[PDB]
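Chain by chain, the residues:
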Amino acid sequence: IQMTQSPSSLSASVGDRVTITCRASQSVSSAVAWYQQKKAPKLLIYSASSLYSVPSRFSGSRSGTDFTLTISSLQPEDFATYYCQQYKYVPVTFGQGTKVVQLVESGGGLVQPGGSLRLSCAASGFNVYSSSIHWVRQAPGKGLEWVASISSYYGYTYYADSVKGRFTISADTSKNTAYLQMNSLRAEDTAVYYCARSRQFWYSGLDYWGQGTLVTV
Amino acid sequence: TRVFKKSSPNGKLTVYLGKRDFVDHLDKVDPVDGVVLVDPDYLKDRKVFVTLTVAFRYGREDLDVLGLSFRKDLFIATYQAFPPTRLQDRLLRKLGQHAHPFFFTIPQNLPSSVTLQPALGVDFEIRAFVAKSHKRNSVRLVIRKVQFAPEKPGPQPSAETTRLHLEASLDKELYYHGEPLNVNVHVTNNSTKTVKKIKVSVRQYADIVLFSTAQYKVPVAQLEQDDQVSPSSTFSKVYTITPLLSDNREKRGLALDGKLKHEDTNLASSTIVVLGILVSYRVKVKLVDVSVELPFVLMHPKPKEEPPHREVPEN
Amino acid sequence: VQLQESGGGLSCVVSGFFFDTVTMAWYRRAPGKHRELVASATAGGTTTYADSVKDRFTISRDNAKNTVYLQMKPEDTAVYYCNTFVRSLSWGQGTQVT
Amino acid sequence: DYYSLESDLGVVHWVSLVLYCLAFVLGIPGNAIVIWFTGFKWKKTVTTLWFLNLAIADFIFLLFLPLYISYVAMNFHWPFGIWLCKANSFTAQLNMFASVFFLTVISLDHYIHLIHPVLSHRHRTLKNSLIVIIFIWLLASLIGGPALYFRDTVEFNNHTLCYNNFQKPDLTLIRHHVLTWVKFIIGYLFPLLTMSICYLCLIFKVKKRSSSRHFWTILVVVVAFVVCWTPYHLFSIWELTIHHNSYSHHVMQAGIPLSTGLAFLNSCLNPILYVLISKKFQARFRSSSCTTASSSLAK
Amino acid sequence: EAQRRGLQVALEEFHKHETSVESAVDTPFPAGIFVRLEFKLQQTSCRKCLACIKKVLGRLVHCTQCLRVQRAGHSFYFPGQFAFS
Ligand SMILES: CC(C)CCC[C@@H](C)[C@H]1CC[C@H]2[C@@H]3CC=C4C[C@@H](OC(=O)CCC(=O)O)CC[C@]4(C)[C@H]3CC[C@]12C
C-alpha cells in the first residue's frame, strides 16, 4: 500500500499547531501507528485513537482513508520526523518523514558484497513467545522499510517482497535472542537496521526499538 | 466508533453491530445489541426476524446413520423488531427511519467460543431475515463469547507425592498466553531407585459433554531432561515450559479459541465457572514412576480495546 | 464492486449487483463531516426524496443502461457517492461537485 | 426309474406373493442406489463400508429371490434339481445372517459413539472395520453350513420338494432341535436384545438432557424389525412341537409364507429406514457469502 | 394275503405310469401291514424293485425313506419344505 504524506518539511514557532496528514491507498482499517524519530523512533499513537503509555498533547483522528496527527501545543523538544504506518497486511509500509526494558544489537562494518554479516538482537525484560520481533531498514535520507518479522508462537516467517530469499530470520527461543541471516548482499541494502519489539497477540505497534547498527556496503 | 456491518446477497438486508466479541464478567454478559437495515420495500406482507443461536458442531461425515444430525443447538433466541441503549440509538439517527433495533441477551451457564482444529466446537451465530413466519436472502454473522483473566491471583499451586518423594509447585495460577511457566521440582530419592530422566509435560484437558462426560488427553508441550539423581542425594531445579501453537499443528481435536472465518487463533483459554466444552490445563511431572499434576489457569489479560477480528498481519 | 462514479466537476455504474428489485441511493457526506443521505430510488413508483434537497435535487435510474443519473445553493459542495440504500456495495469515490 | 412315493395326506397365499412382488419392485432400485453412492461416490468411512456390505447382502438376497418366487407360486414343484436348492438356501441364510449382524453391529457402534466418546475414534479404524466385516462374513458363511449339506429333493404326491432332510433315527430328533434353536438364539435373541439394550440406554441418556426426530426413527426401525422376524422365528420354533408332541400341521401350512413375506419386506425397508430417509441424503439428487465491512458513527 | 395284495397294488401302480418274488415280511404296525416286496419285474412284450408298500396309506414303490411310510398311519410332514431356510 503506497502511503504519501502531504506535508514535507514545515516550520512553526513554540505556540503553533503542527498538523500532519496521512493518506492510504487501499482503504486501510483503523490501524495506524505514529512514530517520532529525532535516535530510535518512539511510538506515540496506535490505532489512531489510543494514546501510548507520551503526554496528552498528541492526538489522533480518523476520517476514512485519511489519518491526521494533531499536536495542538508545540514544544521545543519536538523537532523530529514523523512516520505513518498501517499494520493491516504483512508488507507493512511506512510513510514519509515530516521535519518540523531495552534492546541491544551487535554487528556492522564494511560489507564487501558476498558474505554473511550475522546480526543478533538481545532481549532483556520480555520473552519471545509473547512478543514478536521485527527488523526494519532505514537508508540515509530515506524512510523506514520493514524487511523481516518473526512470530515464535505461530512459527511464521514473513519477509518483504524485495528482501525475501536473500534474508533469513531466526529465533533462539531459549536465551531470548533474535538473529537475521543475510546473504547475497547488494549495494542497495546499505541501511541502518533497527531491532523492534511488538506484542504478538495484540499487534498494537512496534513499542520498543533497538539502538540500531550501521551497515554500509 | 467504526461499527461493523455485514450485508446479504442482492443487497436486501444489512445489520450493524457495535462489537463482535462479548465479554463474560462471571455475573453478567454483554448484551448482543445492534441495528438491522432493510430495503424500503422488501417487507410487504412480511416481518423481519433476527435470530441468535448457539451451535455446537460435534461431527462431520458422509451419511447420517438413523437421525444423528451432527449439529446440536444449546440456545435459540428470536427477535421481531417489527429502552434503546446509547449505541443503537445513535445508529438510528445515522441510518434513518427504515432501521429497526434488535436486542439480545446471553443467559448464564453457556459455553464460550471454542473451535477444534482439523469448524467443530461451540459457535455463536446471528441470522437476520424477513419472511411471512434461503441463504441468498439472509445475513450470516459469527460472534465470540470470551472471558479474560480475573482479578484474583488465587492460591499458589502445590502437589506432592511419594512411593521416592517428588514435590512440585508453580509460582502462581494465572498465566497469560505465551507466558513461560516456571515450575520448581524437589526430589529426595530415599533409596533403592535411580531416575534415568526428568520429564515435565503440559497437557490440555477439555470437558466435552453432550450425552455423557468425556475427557481429552492432548499433550501441548513436552520437556525432557537428561539429569539423573543417585540414591540419598537431593536435587532442586527450576524448569521453563511454555505452550505455543508451533509444534502443536496437525493435531486433530486440539482446543483452540473461536474462529470467525478461517482465521488463526491460539490455544483455547481455560473455562472458569453445563452442556458444551470446558477447557482446563494441567502440568505433569514424571520421574523415571510417580506422576504429579499441577492445574493452572491460562487466560488472556483484560484488554483496553476490542480485539481484532483476524490476525493483524494478513497473508 | 467496481464502483466507478462519473459526472461532476453525476452517474454511477455497478458491475456485480443488478438494479432488479433493489433500491439505490446517493450519499453526499458533508463539507467537513460524516456521511449523509440525499435521495433514493426503488424499482419504481415511490421516489421518496429528502427534505433539504427537495425541489432542488432529482433522481432517475434505467434498468438497462446500467447507470443511475442524479440531476441537481452553495452548501452542495462535497464528495457524492452512489450506493445501495442498505449500503451493501463497497463505498466508492466521487470526483467533485460545486 | 419310477420313484413315485404317493400317500394319503387361498387369500393367505396370494398376499404372500403380493408382498414378494412389492419387495422385489422396491428392493432392487433402493439397494442399487445405496451401492452406487456408498461404494463409489461417497467417502470410504466405517458407516459407509458397513452400509455397502449390508446393501451387497440385500442385493444378493433379492437377486436369489425370484427362484424362491417360482418355488412358492406353483404349489411347491421346484424345477431346478438338487445342485441349486442347496446353493440358494445357503446363500439366503448367509445374506440374512450377515444383514442381521450388520444391523446389530451398527446399533453397537451407534451406542458406543453416542455414549462413550472417550474411546470412540481410537479403536474405530477402517482396518478394524474391515476385520469386523470379514469376521461377520465368515461367521455367516460357517453358520449356514448344514444348509448346504442336509437338504435333499424328494417326491410329495406329484410335487418335487427340496427340504432340510433332518434324517441323516436317534440323530433325526436332536439335529432338528439344535439347528433351529441355534438359529433362534443367534438371529433373534442376541441381536434383538443387543438392539433393545443399546437403543433404550441411548434414550435414557438423551432423556436426561435438553432431537425429537432421533427418537422417532429409532422407534420405527425397532418396531419394523420386531414385527417381521417374529412370525418367522415363532413358526420355525413351532416346527419342533410337531415332531415332539401332537400337532395338526394346519396353521403352519400358510403362516410360514406370510412370515417369509414379512421378513423380505423388512429386508427391503431396511435401506428405506436407514439410508433412504435421512434429510441430507435427498439434497444431492435435487442437484443431480458477503464480506464483513465497517462504517462510521457520529459522536 | 396281505403280501399278495401289496404286490398286486405295486404292480398296478408301476403299470399305471410278472416275475417271481424273493423277499417278504410283515409288520405289527396298527391300521396296516408294512410289506417289503423286494423283487423284480422283468417284463416281456411290454404293455430289481424296492416296493415299500403299506386301503393303503402310502406307496413307496421304486424300481430310501421306507421308514417314513412304515411309521405313517404317525406323521407324513417333511421338515421345513414351506420355506427356503
Ligand atoms: C460426544 C459425542 C457427540 C461424540 C462427538 C464429539 C467428538 C467431536 C469428540 C468426541 C471424542 C473426541 C476425540 C477423542 C480422542 C482423539 C485423539 C487425541 O489425541 C491424543 O490422545 C494424544 C496423542 C495420542 O495418544 O494418540 C486428540 C483428540 C481426539 C482427536 C478427539 C477429537 C474429538 C472427538 C472426536
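Residues numbered from 1 in each chain as written, not as in the entry; some residues may be left out. Chains lettered and ligands numbered in written order. Heavy atoms only, no water. Residues with missing side-chain atoms left out of burial classes, pairs and counts.

For this deposited structure, the header cites cryo-EM as the method used and 3.5 Å as the resolution.

The name the PDB entry gives chain E is Retinoic acid receptor responder protein 2, with Homo sapiens as the organism. UniProt, in its Subcellular location section for chain E, records the words "Secreted". (UniProt positions renumbered as here; feature names shortened; annotations may be inferred.)

As recorded by the PDB entry, chain D carries the name Chemerin-like receptor 2,Vasopressin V2 receptor and is attributed to Homo sapiens. Note on chain D: under the UniProt heading Subcellular location, the record states "Cell membrane". Note on chain D: under the UniProt heading Sequence similarities, the record states "Belongs to the chemokine-like receptor (CMKLR) family."

Chemist: Please clarify how the overall build of chain E should be interpreted in this entry.
Modeler: Scanning chain E from terminus to terminus reveals 2 helices and 3 strands. Scanning chain E from its N terminus toward the C terminus, one meets helices and strands in the order α-β-β-β-α. Projected onto its principal axes, the C-alpha coordinates of chain E cover approximately 45 × 30 × 20 Å. (Helix = DSSP H or I, 4+ residues; strand = E, 2+ residues; numbered from the N terminus.)

Chemist: Just to check I follow, could you spell out the overall build of chain D for this structure?
Modeler: The secondary structure content of chain D amounts to 9 helices and 3 strands. Over its C-alpha atoms, taken along the principal directions, chain D stretches across nearly 110 × 40 × 35 Å.

Chemist: Just to check I follow, could you spell out the pattern of salt bridges for this structure?
Modeler: Note on pairing: side chains with opposite charge can pair once their charged atoms come close. Close ionic contact of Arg166 of chain A with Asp189 of chain A constitutes a salt bridge, the shortest N to O distance being 2.5 Å. Of the two residues, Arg166 of chain A sits in the loop between β14 (156-159) and β15 (167-171) while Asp189 of chain A sits in the loop between β16 (177-182) and β17 (192-199), which places them 23 residues apart along the sequence. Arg124 of chain D is the salt-bridge partner of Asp109 of chain D, the closest N and O atoms lying 2.7 Å from each other. Placement of the pair is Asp109 of chain D in helix α4 (residues 85-115) and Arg124 of chain D in the loop between α4 and α5 (126-141), with a sequence separation of 15 residues. Among the charged side chains, a network of salt bridges with common partners joins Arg137, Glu145, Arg166 and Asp189 of chain A. (Salt bridge = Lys/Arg side-chain N within 4 Å of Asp/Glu carboxyl O.)

Chemist: Quick question: what am I supposed to make of the interface of chain D and chain B here?
Modeler: Interface size is commonly expressed as the accessible surface area that is lost when the partners come together. Each partner contributes residues to the interface: chain D has 32 residues there, and chain B has 28 residues. Contributions of two or more residues to the side of chain D that touches chain B are made by α4, α6 (170-207), α7 (212-244), α9 (279-287) and β3 (293-295) of chain D. When its residues are assigned to classes, the side of chain D that touches chain B shows 17 nonpolar, 10 polar and 5 charged. Summarising the sheet, strand β1 (residues 3-7) of chain B and β3 of chain D pair through 3 bridges and their orientation is antiparallel. When the bridges of β3 of chain D are listed, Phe4 of chain B appears paired with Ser294 of chain D. (Contact = heavy atoms within 4.5 Å. Nonpolar A, V, L, I, M, F, W, Y, C, P; charged D, E, K, R; others polar. Pairing = 2+ DSSP bridges.)

Chemist: Would you mind showing me how to read the environment of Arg199 of chain A here?
Modeler: Residue and element names in this part refer to chain A. One can find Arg199 in strand β17. For the pair formed by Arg199 and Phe126, sequence separation is 73 residues and the distance between their alpha carbons is 9.8 Å. For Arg199, the residues in contact, after removing those within four places along its chain, are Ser130, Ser131, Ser132, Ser204 and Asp207.

Chemist: Any chance you could explain the sheet that holds strand β3 (residues 59-60) of chain E here in plain terms?
Modeler: Strands belonging to one sheet form pairs held by backbone hydrogen bonds; the direction of such a pair is parallel or antiparallel. An order of β1-β2-β3 (chain E) is seen for the 3 strands of this open sheet, with the pairing classed as antiparallel. Both outer strands of the open sheet, β1 (37-39) and β3 of chain E, are each paired with one neighbouring strand and no more.

Chemist: Sorry if this is basic, but what is going on with the sheet that holds strand β12 (residues 131-138) of chain A here?
Modeler: Residues and elements named next belong to chain A. Pairing within the open sheet is antiparallel, and its 5 strands lie in the order β14-β13-β12-β17-β18. The sheet is open, and its two borders are formed by β14 and β18 (208-209), each paired with just one other strand. Taken together, the 6 bridges between β12 and strand β13 (residues 144-151) define a ladder with antiparallel strand orientation. When the sheet's bridge partners are listed, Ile133 is paired in β13 with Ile150.

Chemist: Help me out: how do you make sense of the packing of helix α1 (residues 11-41) of chain D against helix α2 (residues 46-63) of chain D in this one?
Modeler: Pairs of packed helices are described in terms of their axes, by the angle between the two and the distance that separates them. Residues and elements named next belong to chain D. The contact between α1 and α2 brings their axes to 9 Å, and the two run at 145°. Relative to α2, the crossing made by α1 is left-handed. Along its contact with α1, which presents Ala23, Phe24, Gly27, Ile28, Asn31, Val34, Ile35, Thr38 and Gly39, the element α2 presents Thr48, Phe51, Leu52, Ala55, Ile56, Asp58, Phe59 and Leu62. Of the residues that constitute the contact of α1 with α2, the class distribution is 11 nonpolar, 5 polar and 1 charged. (Axes fitted to C-alpha atoms, helices over the stretch in contact; angles between N-to-C directions. Left-handed = near helix turned anticlockwise from the far one by under 90°.)

Chemist: I would appreciate a short explanation of the UniProt feature "transmembrane region" in chain D in the present structure.
Modeler: Residue and element names in this part refer to chain D. Within this numbering scheme, the UniProt entry marks residues 17-37, 49-69, 88-108, 130-150, 184-204, 218-238 and 257-277 as carrying the feature "transmembrane region". Note that residues 184-204 is 100% helix and 0% strand, and that its end C-alpha atoms are spaced 28 Å apart. Summarising residues 257-277: 86% helix, 0% strand, and an end-to-end C-alpha distance of 28 Å.

Chemist: When you look at the packing of aromatic side chains in this model, what are you seeing that I'm missing?
Modeler: Any aromatic ring pair is given by two values, namely how distant the centres are and how the planes are angled relative to each other. Look at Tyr281 of chain B and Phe296 of chain B: their rings are 5.8 Å apart centre to centre, the planes differ by 55°, and that puts the pair in the tilted class. A connected cluster of aromatic rings, assembled from ring pairs, spans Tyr20, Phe61, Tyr68, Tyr71, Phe76, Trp78, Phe80 and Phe264 of chain D together with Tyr77, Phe82 and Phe84 of chain E. Between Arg282 of chain B and the ring centre of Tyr205 of chain B, over which it is positioned, the NZ or CZ distance is 4.5 Å. (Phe/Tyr/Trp six-rings, centres within 6.5 Å; stacked < 30°, edge-to-face > 60°. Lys NZ or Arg CZ within 6 Å of the ring centre and 35° of its normal.)

Chemist: Hey, could you run me through the state of the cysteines in this one?
Modeler: In protein chemistry, a disulfide is the covalent bond that joins the sulfur atoms of two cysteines. Across the disulfide, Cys85 of chain D is cross-linked to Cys162 of chain D (sulfur-sulfur distance 2.0 Å). Measuring the twist about the S-S bond at about 75°, one finds the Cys85 of chain D-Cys162 of chain D disulfide to be right-handed. With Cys85 of chain D in helix α4 and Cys162 of chain D in strand β2 (residues 160-163), this residue pair connects regions lying 77 residues apart in the sequence. For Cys52 of chain E, the disulfide goes to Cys66 of chain E, at an S-S distance of 2.0 Å. Since a negative S-S torsion denotes a left-handed disulfide, the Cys52 of chain E-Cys66 of chain E link at about 80° is right-handed. (Disulfide = S-S within 2.5 Å.)

Chemist: Before we go on, may I ask you to explain the UniProt feature "disulfide bond" in chain E in this structure?
Modeler: Of the UniProt disulfides, the one joining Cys49 of chain E and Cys63 of chain E is intact in these coordinates, the sulfur pair sitting 2.0 Å apart. For the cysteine pair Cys52 of chain E and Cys66 of chain E, annotated in UniProt as disulfide-linked, the sulfur atoms lie 2.0 Å apart, within bonding distance in this model.

Chemist: Help me understand the pairing of strand β2 (residues 19-23) of chain A in this model?
Modeler: Consecutive residues of a regular strand have side chains that alternate between opposite faces of the sheet. Residue and element names in this part refer to chain A. Bridge count between strand β1 (residues 4-5) and β2: 2 bridges; the pairing is antiparallel. Among the inter-strand pairings, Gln5 is bridged to a residue of β2, identified as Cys22. With 5 bridges connecting them, β2 and strand β7 (residues 66-70) associate as antiparallel partners. What sits directly across from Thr21, in β7, is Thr68.

Chemist: What is the right way to read unusual backbone geometry from this model?
Modeler: Comment: phi is negative for the bulk of residues other than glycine, and the bulk of peptide bonds are trans. Even without being a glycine, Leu117 of chain A presents a positive backbone phi close to 50°. Positive phi values are uncommon outside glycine, yet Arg2 of chain B reaches one of about 60°. Within the element layout of this structure, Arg2 of chain B appears in the segment before β1.

Chemist: Explain the environment of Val128 of chain A to me, please; I cannot follow it from the model alone.
Modeler: Turning to its location among the elements, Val128 of chain A is positioned in the loop between β11 (119-124) and β12. It is 8.0 Å that separates the C-alpha atoms of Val128 of chain A and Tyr153 of chain A, two residues lying 25 residues apart in sequence.

Chemist: Can you walk me through the packing of α7 of chain D against helix α8 (residues 252-274) of chain D in this structure?
Modeler: All names here are of chain D. The interhelical angle for the contact between α7 and α8, taken along N-to-C directions, is 155°, at an axis separation of 9 Å. Here α8 runs roughly antiparallel to α7, going by the angle between their axes. Once α7 is placed against α8, the crossing between them reads as left-handed. Of α8, the residues touching α7 (which contributes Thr217, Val220, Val221, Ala224, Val227, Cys228, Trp229, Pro231, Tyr232, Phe235, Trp238 and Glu239) are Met252, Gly255, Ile256, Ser259, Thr260, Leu262, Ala263, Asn266, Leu269, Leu273 and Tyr274. For the contact of α7 with α8, the class distribution of residues is 17 nonpolar, 5 polar and 1 charged. (Parallel < 35°, antiparallel > 145°, perpendicular 65-115°, else oblique.)

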